[PDB]
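Everything on this sheet refers to the single structure shown next.
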Amino acid sequence: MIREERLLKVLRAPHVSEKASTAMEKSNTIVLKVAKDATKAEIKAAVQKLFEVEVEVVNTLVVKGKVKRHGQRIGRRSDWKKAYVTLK
Amino acid sequence: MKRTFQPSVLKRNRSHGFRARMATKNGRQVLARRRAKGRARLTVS
Amino acid sequence: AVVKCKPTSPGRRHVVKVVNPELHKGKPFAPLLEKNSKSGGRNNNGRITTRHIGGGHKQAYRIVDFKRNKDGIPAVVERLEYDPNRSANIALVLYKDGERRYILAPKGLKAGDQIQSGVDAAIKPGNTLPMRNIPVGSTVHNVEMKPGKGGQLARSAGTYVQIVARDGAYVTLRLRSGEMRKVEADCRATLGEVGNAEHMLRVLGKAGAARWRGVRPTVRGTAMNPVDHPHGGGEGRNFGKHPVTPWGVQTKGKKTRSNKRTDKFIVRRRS
RNA sequence: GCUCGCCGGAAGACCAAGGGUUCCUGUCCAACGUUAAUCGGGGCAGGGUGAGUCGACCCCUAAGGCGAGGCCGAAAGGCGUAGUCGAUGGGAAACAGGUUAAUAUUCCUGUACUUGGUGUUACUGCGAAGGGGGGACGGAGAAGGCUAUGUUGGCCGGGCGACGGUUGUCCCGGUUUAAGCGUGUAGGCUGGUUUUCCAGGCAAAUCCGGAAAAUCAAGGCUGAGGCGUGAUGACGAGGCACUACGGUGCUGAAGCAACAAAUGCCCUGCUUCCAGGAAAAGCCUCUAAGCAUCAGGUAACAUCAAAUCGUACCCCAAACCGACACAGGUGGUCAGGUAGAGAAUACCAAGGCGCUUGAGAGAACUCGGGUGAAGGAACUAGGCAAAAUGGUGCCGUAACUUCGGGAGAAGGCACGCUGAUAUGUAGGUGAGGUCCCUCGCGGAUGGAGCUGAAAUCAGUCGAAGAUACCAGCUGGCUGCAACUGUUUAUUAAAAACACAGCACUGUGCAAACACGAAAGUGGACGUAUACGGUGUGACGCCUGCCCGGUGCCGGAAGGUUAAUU
RNA sequence: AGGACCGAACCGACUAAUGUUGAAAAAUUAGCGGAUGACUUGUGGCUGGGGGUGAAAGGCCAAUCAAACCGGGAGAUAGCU
Ligand SMILES: [K+]
Ligand SMILES: [K+]
Ligand SMILES: [K+]
Ligand SMILES: [K+]
Ligand SMILES: [K+]
Ligand SMILES: [K+]
Ligand SMILES: [K+]
Ligand SMILES: [K+]
Ligand SMILES: [K+]
Ligand SMILES: [K+]
Ligand SMILES: [K+]
Ligand SMILES: [K+]
Ligand SMILES: [K+]
Ligand SMILES: [K+]
Ligand SMILES: [K+]
Ligand SMILES: [K+]
Ligand SMILES: [K+]
Ligand SMILES: [K+]
Ligand SMILES: [Mg+2]
Ligand SMILES: [Mg+2]
Ligand SMILES: [Mg+2]
Ligand SMILES: [Mg+2]
Ligand SMILES: [Mg+2]
Ligand SMILES: [Mg+2]
Ligand SMILES: [Mg+2]
Ligand SMILES: [Mg+2]
Ligand SMILES: [Mg+2]
Ligand SMILES: [Mg+2]
Ligand SMILES: [Mg+2]
Ligand SMILES: [Mg+2]
Ligand SMILES: [Mg+2]
Ligand SMILES: [Mg+2]
Ligand SMILES: [Mg+2]
Ligand SMILES: [Mg+2]
Ligand SMILES: [Mg+2]
Ligand SMILES: [Mg+2]
Ligand SMILES: [Mg+2]
Ligand SMILES: [Mg+2]
Ligand SMILES: [Mg+2]
Ligand SMILES: [Mg+2]
Ligand SMILES: [Mg+2]
Ligand SMILES: [Mg+2]
Ligand SMILES: [Mg+2]
Ligand SMILES: [Mg+2]
Ligand SMILES: [Mg+2]
Ligand SMILES: [Mg+2]
Ligand SMILES: [Mg+2]
Ligand SMILES: [Mg+2]
Ligand SMILES: [Mg+2]
Ligand SMILES: [Mg+2]
Ligand SMILES: [Mg+2]
Ligand SMILES: [Mg+2]
Ligand SMILES: [Mg+2]
Ligand SMILES: [Mg+2]
Ligand SMILES: [Mg+2]
Ligand SMILES: [Mg+2]
Ligand SMILES: [Mg+2]
Ligand SMILES: [Mg+2]
Ligand SMILES: [Mg+2]
Ligand SMILES: [Mg+2]
Ligand SMILES: [Mg+2]
Ligand SMILES: [Mg+2]
Ligand SMILES: [Mg+2]
Ligand SMILES: [Mg+2]
Ligand SMILES: [Mg+2]
Ligand SMILES: [Mg+2]
Ligand SMILES: [Mg+2]
Ligand SMILES: [Mg+2]
Ligand SMILES: [Mg+2]
Ligand SMILES: [Mg+2]
Ligand SMILES: [Mg+2]
Ligand SMILES: [Mg+2]
Ligand SMILES: [Mg+2]
Ligand SMILES: [Mg+2]
Ligand SMILES: [Mg+2]
Ligand SMILES: [Mg+2]
Ligand SMILES: [Mg+2]
């Protein structure tokens with residue numbers, strides 16, 4: 001069992017996009033931004049506890065952050081983890 | 001024509017990487033010199 | 001058997017092969033194999049320490065019984081085999097207790113021949129005895145230099161030692177070099193000559209045949225520049241110095257033995 | 001959008017390496033783009049990478065690295081044992097179809113599979129860091145059986161033709177379907193079983209090895225493909241509804257056979273040769289200490305688990321290495337048609353491109369090409385360059401030779417198309433059918449159909465039939481080097497280096513010798529038929545005289561002679 | 001069978017022309033040699049500077065080689081310009 005304190009940190013935000021919207025309507029799959037170190041088991045437990053739904057499966061990927069400019073200055077956005085959470 | 005730089009990340013890291021530098025006294029002196037100069041990148045790592 | 005190749009190509013014209021139909025066509029006895037990876041004549045500093053070594057065919061090491069210490073138990077020769085690691089052939093022998101070993105194949109040994117080691121063994125080719133139990137004038141091979149150490153002398157194809165004399169603790173041996181040498185009489189020896197005496201009649205025939213045996217080309221010192229070799233240099237073919245090694249030591253007659261420890265055992269130098 | 005051209009063993013497709021957002025969408029055109037740019041690999045913003053099965057990680061080792069102790073070394077350190085790392089190698093498992101603007105063996109649909117935990121039930125000797133087996137291995141060659149794949153016919157749908165003809169021996173298109181599961185075939189390997197015993201496998205072993213009997217002679221292992229099922233499904237030419245004119249949505253025929261056929265598969269095989277061809281784990285099996293009505297093992301069933309990281313995109317290139325959007329460099333995989341021996345070459349398919357300045361003009365001269373009267377090497381240092389030869393079959397072929405060669409010597413003849421032999425032959429393939437029949441993936445016998453050279457004879461067109469592309473110039477004398485190789489990356493490829501062969505010489509093994517203050521290590525797990533050094537350089541005939549000089553080897557009377565005393 | 005033969009890939013680099021502020025700090029085009037081997041190639045490893053490695057050209061050791069490169073002695077010294 002994963003502690004509620006952990007579960008309350010792993011889900012960061014719903015990911016809003018055309019693919020996310022399509023994933024919701026066509027495959028009953030919510031797309032979430034999750035903690036970089038979140039495992040599939042933690043994401044599953046967090047969604048089931050906090051959103052009060054039944055998760056079939058979690059698929060995850062790491063989005064590499066884009067290199068960007070802000071004047072004569074190179075920055076990099078952070079890498080972040082995306083979860084495709086298929087609901088029952 | 002074949003030029004001199006034929007990149008391999010494995011060879012790069014084994015030849016010049018942080019752990020290769022740390023493995024010898026003289027490599028550690030490289031790191032000490034680069035820290036003393038205040039290099040942003042100590043090694044190819 | 002010594003077979004001349006027909007000159008169907010220039011690299012074959014001079015080839016003389018030693019073809020032995022008795023040798024096992026199939027694979028060696030796997031429990032007595034070990035890997036033997038190549039050095040290129042380089043030591044643990046990674047430096048070439050013996051020149052002219054490199055490449056050639058991959059070779060598994062056959063564990064050969066040079067000690068021949070399994071006394072009293074008869075063994076039958078199962079088969080003769082090619083050994084890439086040495087000039088001699090080897091014999092897979094089966095002891096009566098089910099143990100198999102490789103031995104150097106003596107001249108005349110064949111599948112079915114019985115061999116035995118020990119003080120009480122018959123004076124027959126392939127039998128191993130302490131040299132105190134071998135008649136003076138006997139031809140032997142695989143001769144130990146220290147008791148129990150394993151044979152070190154007369155192991156190459158066609159080689160053998162003559163026990164010329166027995167004087168108390170020691171036997172005097174005539175080696176293939178012509179050297180007369182004392183060894184302890186407790187040192188073992190195998191009766192007979194090492195087989196495959198035709199080995200020396202082979203003619204490689206081509207450069208590549210030496211390359212297959214892991215011999216890289218020898219470059220003559222006189223073909224080099226002075227920086228590389230004492231013999232190097234000259235406008236045209238020049239020499240004009242005493243022949244030396246690459247390291248400057250005279251290489252035509254200068255004696256290099258310096259072993260005061262072992263001088264006592266040398267009755268007469270090969271000379 | 002239509003047309004044209006170019007690549008097509010690539011200039012297509014998929015990757016590794018490397019790069020790192022270059023991917024997709026919207027928007028912008030300052031700069032970047034060798035021009036303009038509405039376009040872009042450019043700017044800006046947003047989106048996009050979904051895995052028990054692919055890869056990494058992981059287990060396992062190679063070379064090699066590191067290395068507790070250790071040995072060695074002024075110090076730094078060096079080497080190395082136990083170990084522990086290290087892939088480029090060994091080790092579980094997923095396929096087809098559908099889908100996004102952009103991912104997909106990852107999502108969806110369908111159908112699978114693997115390993116491990118836990119529980120239940122039945123039954124049971126389990127137990128390793130130890131033993132044995134296995135994993136587990138070379139080159140070449142040959143042939144058979146196959147498949148991928150192609151071709152043709154059949155089938156199904158459509159067509160009836162911009163200009164003579166075209167209801168046909170006519171035209172166009174399609175004719176696809178996996179893993180898995182079941183079956184066990186062409187082929188390959190091996191005698192099988194039981195009992196008894198045992199100086200071997202560090203101890204033990206019921207395993208392996210060995211020995212001895214008896215019995216049976218046919219059991220086992222391995223194995224492509226095929227077939228069945230998977231699939232009453234999916235896909236499907238096209239058609240019909242909608243069209244944001246980008247595409248969505250719906251529906252759906254046939255879906256067979258024959259022949260040809262790989263470099264792929266059977267095959268880690270077979271045959272053969274010498275240069276004699278990793279390791280370790282997973283796996284199988286054996287026991288030891290130990291544990292015993294327990295653990296543990298085996299099987300079935302249920303259940304749970306299989307994390308993490310990579311996944312976009314380029315990848316013979318405008319994204320990598322070359323300062324460039326650079327005629328350069330870069331490993332693997334895939335391999336359609338016609339002709340062809342072919343992965344050559346020509347033309348095409350799928351697919352991809354026209355190379356990021358154009359427009360004119362039609363001078364000299366330069367570059368890259370075409371043709372050339374008469375002559376034909378007169379050119380020139382030199383036939384440099386060019387021209388030429390060029391295929392297959394057959395005929396024929398000198399000196400010399402180490403008897404292999406020389407040789408494709410030289411030189412010559414035939415070659416297209418049509419018809420006939422023969423409505424398509426020799427040969428290959430092989431159905432129905434009929435027999436036998438262990439009884440099927442089976443013979444045997446048939447020869448339907450299919451495919452199909454080569455030849456001869458006769459005819460016939462052209463100047464020319466190896467018509468294009470493609471594709472040896474040949475001969476004579478002679479120097480050098482035997483030969484195949486190697487070399488001055490970037491002005492020298494040679495007669496230089498190497499070479500097999502030869503000789504001299506050292507070297508008795510703790511070898512000589514080499515690397516190393518040393519320990520050690522190479523030499524070599526070799527042992528004088530071996531190893532090092534040197535010179536010579538296949539082979540043939542040979543290799544003369546000189547030991548005074550300088551080396552080397554041996555000697556040691558005498559002379560001289562160090563530290564020391 | 002073969003360091004066998006002809007010939008693509010692949011590996012080379014004999015000749016010529018071009019190019020020489022190049023398309024390219026060594027190439028392109030037409031020819032040319034090897035093409036089962038002393039072959040070739042990927043990945044990784046080892047050898048280190050009076051050192052390596054070298055079928056030997058003083059070749060090669062990161063466009064550098066009769067002693068690499070980088071930093072230091074260092075403002076070497078320069079009866080020379
Ligand atoms: K041998
Ligand atoms: K030589
Ligand atoms: K010389
Ligand atoms: K050198
Ligand atoms: K010379
Ligand atoms: K010279
Ligand atoms: K313009
Ligand atoms: K995985
Ligand atoms: K991992
Ligand atoms: K018409
Ligand atoms: K499968
Ligand atoms: K099937
Ligand atoms: K992907
Ligand atoms: K790649
Ligand atoms: K000549
Ligand atoms: K040449
Ligand atoms: K003399
Ligand atoms: K130096
Ligand atoms: Mg899933
Ligand atoms: Mg993932
Ligand atoms: Mg040598
Ligand atoms: Mg030699
Ligand atoms: Mg020279
Ligand atoms: Mg010198
Ligand atoms: Mg001279
Ligand atoms: Mg002279
Ligand atoms: Mg960008
Ligand atoms: Mg784009
Ligand atoms: Mg512009
Ligand atoms: Mg403008
Ligand atoms: Mg852009
Ligand atoms: Mg896998
Ligand atoms: Mg060490
Ligand atoms: Mg220590
Ligand atoms: Mg190790
Ligand atoms: Mg490991
Ligand atoms: Mg690997
Ligand atoms: Mg894509
Ligand atoms: Mg093979
Ligand atoms: Mg087929
Ligand atoms: Mg019809
Ligand atoms: Mg008409
Ligand atoms: Mg092939
Ligand atoms: Mg992709
Ligand atoms: Mg361009
Ligand atoms: Mg380019
Ligand atoms: Mg290439
Ligand atoms: Mg083709
Ligand atoms: Mg082509
Ligand atoms: Mg003109
Ligand atoms: Mg012309
Ligand atoms: Mg003319
Ligand atoms: Mg004319
Ligand atoms: Mg004329
Ligand atoms: Mg003429
Ligand atoms: Mg003339
Ligand atoms: Mg003239
Ligand atoms: Mg003239
Ligand atoms: Mg010419
Ligand atoms: Mg020409
Ligand atoms: Mg002359
Ligand atoms: Mg030559
Ligand atoms: Mg040559
Ligand atoms: Mg040059
Ligand atoms: Mg040249
Ligand atoms: Mg030693
Ligand atoms: Mg010579
Ligand atoms: Mg050849
Ligand atoms: Mg070269
Ligand atoms: Mg060329
Ligand atoms: Mg040739
Ligand atoms: Mg050729
Ligand atoms: Mg010179
Ligand atoms: Mg250089
Ligand atoms: Mg110097
Ligand atoms: Mg000073
Ligand atoms: Mg100065």
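In what follows, chains carry the letters A, B, and so on, assigned in the order in which the sequence lines appear, proteins first and then strands, with residues in each chain numbered from 1. Below, each value reflects all heavy atoms present in this structure, side chains not excepted, and no hydrogens, waters or symmetry copies.
- Ranking D:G276, D:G209, D:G48 by closeness to the A:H15 side chain, first place goes to D:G48.
- When both pairing distances are held under 3.5 Å, D:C44 makes a Watson-Crick or G-U pair with D:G26.
- No side-chain N or O of C:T262 forms a donor-acceptor pair with one of C:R181 less than 3.5 Å apart.
- At a threshold of 4.0 angstrom between heavy atoms, the contacts of C:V19 are confined to the sugar-phosphate backbone, with no base atom among them.
- Figure legend. D:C531 is base-paired to D:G506; pairs are counted as Watson-Crick or G-U wobble with both atom distances under 3.5 Å.
- When the side-chain nitrogen and oxygen atoms of C:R269 are compared with OP1 and OP2 of D:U507, one or more of them lie within a distance under 4.0 Å.
- With a glycosidic angle no further than 90° from 0, D:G161 counts as syn.
- Proximity note for C:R155 (side chain, C-beta onward) versus D:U507, D:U527, D:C499: the nearest is D:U527.
- Here D:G50 is the nucleotide among D:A528, D:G520, D:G50 with the atom lying nearest to any side-chain atom of A:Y84.
- Atom NZ of A:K82 is separated from atom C1' of D:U308 by 19 Å (rounded to the nearest Å).
- With sequence neighbours excluded, the residues that form a side chain to side chain donor-acceptor pair (under 3.5 Å) with A:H15 are A:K33.
- Mapping C:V219 and C:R12 onto RNA chain E by nearest heavy atom places C:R12 at the nucleotide closer to the 5' end.
- Closest to the C:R47 side chain, of the nucleotides D:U529, D:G516, E:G45, is D:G516.
- Using atom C1' as the reference point in both D:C334 and D:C4, the two lie 32 Å apart (nearest Å).
- Side-chain N/O atoms of C:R257 include none lying less than 4.0 angstrom from OP1 or OP2 on D:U507.
- In this structure, the nucleotide among E:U53, D:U49, D:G508 sitting nearest to the side chain of C:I48 is E:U53.
- As a whole-Å value, the separation of C:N44 CG from D:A519 P is 13 Å.
- The aromatic ring of C:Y61 sits over the base of D:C525, with ring centres less than 5.5 Å apart and planes tilted by under 30°.
- Dashed line: the shortest gap from a side-chain N or O of B:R14 to OP1 or OP2 of E:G44 is not under 4.0 Å.
- The one candidate from A:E5, A:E4, A:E42 that meets the salt bridge (charged side-chain N to carboxylate O under 4.0 Å, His left out) condition with A:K49 is A:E4.
- In this entry D:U429 carries a north-puckered sugar, per its positive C1'-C2'-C3'-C4' angle.
- Distances from the side chain of A:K64 to the nucleotides D:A538, D:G533, D:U311 place D:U311 closest.
- Rounded to whole Å, the distance from NZ on C:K241 to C1' on D:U534 is 13 Å.
- Pairing of D:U565, defined by two Watson-Crick or G-U wobble distances under 3.5 Å, is not identified with any nucleotide.
- Of all nucleotides listed (D:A482, D:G18, E:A55), E:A55 comes nearest to the side chain of C:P217.
- Each of C:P226 and C:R42 was matched to the nucleotide of RNA chain E holding its nearest heavy atom; the match closer to the 5' end belongs to C:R42.
- Here E:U53 is in the anti range [glycosidic angle more than 90° from 0].
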Please set out all donor-acceptor pairs under 3.5 angstrom arising from side-chain atoms of residues 226-244 of chain C, sequence neighbours excluded.
unit_1	atom_1	unit_2	atom_2	d
C:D228	OD2	C:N225	N	3.1
C:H229	ND1	C:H231	N	3.1
C:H231	NE2	C:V244	N	2.9
C:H231	NE2	C:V244	O	3.3
C:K241	NZ	C:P230	O	2.8
C:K241	NZ	C:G232	O	3.4

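- Set against D:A307, D:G277, D:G47, the side chain of C:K58 has D:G277 as its closest nucleotide.
- The nucleotide whose nearest atom lies closest to any side-chain atom of C:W212 is, among D:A63, D:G277, E:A38, E:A38.
- Here the side chain of C:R181 is nearest to one of D:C509, E:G44, D:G200, namely D:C509.
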